[PDB]
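Have a look below at one chain only, the form solved without the named molecule, in structure tokens format.
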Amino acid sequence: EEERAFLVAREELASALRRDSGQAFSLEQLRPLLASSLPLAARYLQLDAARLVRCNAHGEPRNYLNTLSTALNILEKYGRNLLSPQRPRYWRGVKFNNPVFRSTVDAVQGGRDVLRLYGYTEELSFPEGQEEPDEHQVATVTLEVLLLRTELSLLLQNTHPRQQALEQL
């Protein structure tokens, strides 16, 4: 009933990302995804947002939410790359020893599992059978990653429309 209204908007913005990879989203456009009474598992279907937040929630929120948002900012770019009309050269390969990754994403519990959602299944890299990334899935994960980074930033600045429910994590 009301979960459908969320999914429609969720899909409509996912489609937007597939058309334009560098498409930017305001808080005005993200509104129906932010002000929905749904729980976390019903709003993040691919991303395990609950585990990403609570398993890195040690210390001060002003510090772990920024470490978390920093990782989500890179993960979103990992997605936008696969969606670009021309994809980067070494797109199918992600090395742990890589500077940007280990310094950012691999500093967060569950950062790797997000890449597996993108398509990097064989252990990270794409399987040989996969010659090109799934345009629908990536855009969906990228949207959820972007959505989570957005929610955390509204948490850090105490403006989230459901701030008095998310702080239970």
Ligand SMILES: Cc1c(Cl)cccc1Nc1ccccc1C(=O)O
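Sequential numbering from 1, following the sequence displayed.
What comes next is about the form solved in complex with the named molecule, which is not displayed.
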{"query": "Partner-contacting position among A49, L117, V108, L33 - heavy atom within 4.5 Å of the named molecule in the bound PDB entry", "finding": "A49"}
{"query": "Contact flag, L13 vs the named molecule in the bound PDB entry, heavy atom cut 4.5 Å", "finding": "no"}
{"query": "Interface membership of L124, the named molecule in the bound PDB entry, 4.5 Å heavy atom rule", "finding": "no"}
{"query": "Contact test in the bound PDB entry: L166 vs the named molecule, heavy atoms, 4.5 Å", "finding": "yes"}
{"query": "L152, heavy atom within 4.5 angstroms of the named molecule in the bound PDB entry", "finding": "yes"}
{"query": "All of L40, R43 and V53 with a heavy atom within 4.5 Å of the named molecule in the bound PDB entry", "finding": "yes"}
{"query": "Any residue of 77-105 that, in the bound PDB entry, places a heavy atom within 4.5 Å of the named molecule", "finding": "none"}
